[PDB]
Each structure stands twice: as C-alpha cells, then as structure tokens.
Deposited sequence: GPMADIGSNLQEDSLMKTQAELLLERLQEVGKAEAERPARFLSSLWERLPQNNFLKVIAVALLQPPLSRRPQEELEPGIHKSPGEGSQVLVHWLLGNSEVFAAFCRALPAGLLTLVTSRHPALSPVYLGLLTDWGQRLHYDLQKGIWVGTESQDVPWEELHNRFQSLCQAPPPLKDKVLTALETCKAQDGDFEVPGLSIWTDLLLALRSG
C-alpha cells in the first residue's frame, strides 16, 4: 500500500544512487501519472542522493510547486525538516500564494480569483503544521510570517493583511 510505495521509493533511490539521473526523473515525471509519482517522491524523501531528488526538485520549480499543493501539510513539514534546502522554497510558494488572495467582506474570508488559488483553510493548515515543527524550522516560518505582516504595515484589525490574520489564528494568547 504504503508498502508498495516504500518499495517503489527504494527502487527509485537505488536507481538514482547508481545509474541520467536528472534526466531519468524528468522522463518519469512526463510519463507517470503525477499524483502517484508525487507520493512516491514524498516517500523517497523520507527514507532512512536523494540529495539527487532534492537537487532535481530545486531545478524544477513547477514540479515542486505541485508537490507542495498536492501533499498534506504534515508531510510537507516532515519533508522540509529533513531537507532544509526545500524550506525557503516551500515558504516562498506559501508567501506567493498568500499574496494572491484578497479579503471578501461578505464571506469574512480570504479568497483567490483564479482556479489555482489556495484556499484560506489550506494556507492556515500548512502554516499550523509548519509552526509545530522542530526548531530550525518553526523559527524560519515565524520570522517569514512576521516579515510579511510588518511589510503590510503591522496591522492588528482583521481584513487588512492575510499575514496579520494568519498570525492571529496561529498564536494562542
């Protein structure tokens, strides 16, 4: 199941620490259904190069952007804890995605305008998960959120700044 997926992740890593191998990954990405393949890469990133997988993910910003949308918050925080080069990249997508949103006064939420825009609940959930991560990570996340809030003007009233609002949801008194 996830035993199929462990096996497949082992086989992909064994084939990469051996063997292209950026060219292998690119042909696998064009050939395999993307859903399957993102999950296998996720498992490959968590196995006891690999640094070859990471480099290739840094090199393919579209592929990693989909990885970051498709996979659960908690999985993303695991992957990004182990592989810190993926960290500023995750945070940058998150920041970009959050900037796309605006405040719908009638619904009382932050909403996008394009199909691909990330929902508020998803952004909230990704940051909540990142904010419960082991030290080097929790602090880079916190700083990023504060940096953006300060950039918007350090507002505390709701509906101005997504970052004000996210930090209010994320902090508990």
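- Residues of the deposited sequence lacking C-alpha coordinates fall in the stretches 1-11, 31-36, 66-85, numbered from 1.
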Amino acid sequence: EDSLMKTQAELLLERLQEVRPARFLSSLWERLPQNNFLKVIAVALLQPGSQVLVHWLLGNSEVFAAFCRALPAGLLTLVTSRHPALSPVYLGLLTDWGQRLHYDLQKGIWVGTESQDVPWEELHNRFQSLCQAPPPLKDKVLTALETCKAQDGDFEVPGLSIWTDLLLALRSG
From here on, numbers count along this sequence of modelled residues.
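- For the two regions 116-124 and 39-47, the entry's Cα B-factors average higher over 39-47.
- Set 65-73 against 51-59 and average the Cα temperature factors; 51-59 ends up higher.
- Ranking 157, 19, 150, 162 by Cα temperature factor from the entry places 19 first.
- Split the chain's modelled residues into thirds by C-alpha temperature factor. Residue 111 is in the lowest one.
- Ranked within its chain, residue 98 lands in the lowest third, by CA B factor from the PDB record.
- Ranked within its chain, residue 92 lands in the lowest third, by CA B factor from the PDB record.
- In the deposited entry, the Cα temperature factor of residue 4 places it in the highest third of its chain's modelled residues.
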